[PDB]
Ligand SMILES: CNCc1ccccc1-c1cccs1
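Here we start with a single chain on its own, the form solved without the named molecule, put down as structure tokens.
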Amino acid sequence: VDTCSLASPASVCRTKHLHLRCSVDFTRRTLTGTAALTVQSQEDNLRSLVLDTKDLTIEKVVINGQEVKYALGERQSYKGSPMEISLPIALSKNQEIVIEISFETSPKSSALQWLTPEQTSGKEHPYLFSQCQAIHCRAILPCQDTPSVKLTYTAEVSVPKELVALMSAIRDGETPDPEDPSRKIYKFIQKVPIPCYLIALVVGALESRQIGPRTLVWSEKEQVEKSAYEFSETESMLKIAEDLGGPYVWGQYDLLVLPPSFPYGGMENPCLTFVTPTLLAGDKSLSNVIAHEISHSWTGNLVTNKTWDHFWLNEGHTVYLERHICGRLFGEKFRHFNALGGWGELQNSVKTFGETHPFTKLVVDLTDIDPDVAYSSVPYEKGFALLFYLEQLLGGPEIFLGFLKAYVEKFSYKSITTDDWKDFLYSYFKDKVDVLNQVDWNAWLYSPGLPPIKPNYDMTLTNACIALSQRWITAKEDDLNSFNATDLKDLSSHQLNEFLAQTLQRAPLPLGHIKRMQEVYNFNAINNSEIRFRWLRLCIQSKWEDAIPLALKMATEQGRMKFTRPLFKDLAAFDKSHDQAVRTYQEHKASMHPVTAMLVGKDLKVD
């Protein structure tokens, strides 16, 4: 049972295919058209079915060339409104029919962000992008909005002719629009069955540059050169991922660099990964995000969580593969550094929520919880922690990677639960079951807080970050003179970041220490978004007023929630910046991503 969906479940009927024909109307901020769903009955004598919708205007529903009865139920908050459709003829088990629904989105669609020309790089054209995960696909089109159902799709999208449409699918050509020659129709085919949260659409003034034998980078013209360089490791990461996961089945692996308001680091849309422009550090240092999105081509897109309660299956395995990719590229010591880093991020999350909070459980219960509100690092890092602990328990990285590849093979094209996973783990490691029985499963899977066991981490690359962080934390005023730019001499960008992360865990520090840190390390000059984020949080939590305009600027000039949410929260907790934060949020709210606006509003206790 998917408690986040109001639609008929997979045991009742299953969508096999979507044919989407729609037109993107920038004047009205609406997507209008028809979603033709090929639906297969799973029951005898099926006479109706229910679809998810959210802020959709339904014009009509046609089956067998005739309009049929349908009814929209009462809105159920963030879940939207159920759509019951009366079938004209009862279906037997396995019988398929095509249901064509004429619809229109709301400008307020929580799936979509509509951007004015001024919010783009070029300033001459508007831009649209979607984000369906977890349950926003219903805010674009009527569907069974559950990852328990997988469907193929085709789409024809009409857009102003100077713009380009892209989707999570293979590009299938373009033509002038036969009805309106000011428009183009872009065609798309996704022949691999996918859960509907992986349907994605972007429309804007996009250009492309090839960076590998199966990868183009797409963005507005002013970001193309920078993006091509930043993501040049992509093909070599795909080859490693294929080695670990098996064949890449999706054909193309393209990248789209979104405008700065994209709410996340990345999104693993099949054939077309979406990435934040905050990755454009200039030195490829934030490329683990690409490795992570690549990994989803197996863990998430092939093997999918059956409901959102099992989201950790998607993320833990993907972070696990991610860290293997970076370990192949840069060494096993680097994999351990990143893994130990992740544990720190897990400590932070658990401390933030509280150690008994239900969202610190690996397997969660999302009944009456908005998944956007539950979203955190917990399923990523507690899920990774579990796999890493199992790896060490069961004999090492190469043994456990044998299991990961067998897992992907086993559940490819399926949607699975934690029990499916656990069962297969026991099946695969039959000769090591006694060891498996030592694991405290009820704690790992179902209890809040930090895991019952912390894995073993090589400390080599972390030691210098910890030592430097500890010098600063234990420094008194008379020690401040001893710090100097040479302290940073032998630290990579990642170590610099971890140094700040270590220090941030003990924030606030005395204001005088922070002022000195700027004087000798000039952190204000660093444009690496991850480093800058932690440095600004450290400044604001340590009550440095000078940092207020910098923190406000970063919070608003990009919209990646990882950065924007804690920056607004920190600014609101600082009495000197509190009113500015609230005011800045209020003035920016209408032009923010709708999900980001909602969550920042909640964080700030506004509107």
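From 1 onward, residues are counted along the sequence shown.
The form solved in complex with the named molecule exists for this protein as well; it is not shown, and the discussion that follows is about that form.
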ask   = Of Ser261, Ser158, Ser469, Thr154, which one comes within 4.5 Å of the named molecule in the bound PDB entry, counting heavy atoms only?
value = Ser158
request  = Find the only residue in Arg14, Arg21, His588, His17 having a heavy atom within 4.5 Å of the named molecule in the bound PDB entry.
outcome  = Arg21
inquiry  = Is it the case that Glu398, even though its partner is missing from this view, gets within 4.5 Å of the named molecule in the bound PDB entry, heavy atoms only?
reply    = no
request  = State yes or no: in the bound PDB entry, is some non-hydrogen atom of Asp177 no more than 4.5 angstroms from a non-hydrogen atom of the named molecule?
outcome  = yes
task = Could you confirm whether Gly33 comes within 4.5 Å of the named molecule in the bound PDB entry, counting heavy atoms only?
result = yes
request  = With heavy atoms only and a cut-off of 4.5 Å, decide whether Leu436 touches the named molecule in the bound PDB entry.
outcome  = no
task = Sort through 22 to 30, 47 to 55, 542 to 550, 64 to 72 and report the only stretch with a non-hydrogen atom within 4.5 Å of the named molecule in the bound PDB entry.
result = 22 to 30
key: Sequence-ordered residues of 181 to 203 touching the named molecule in the bound PDB entry, heavy atom within 4.5 Å   = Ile185
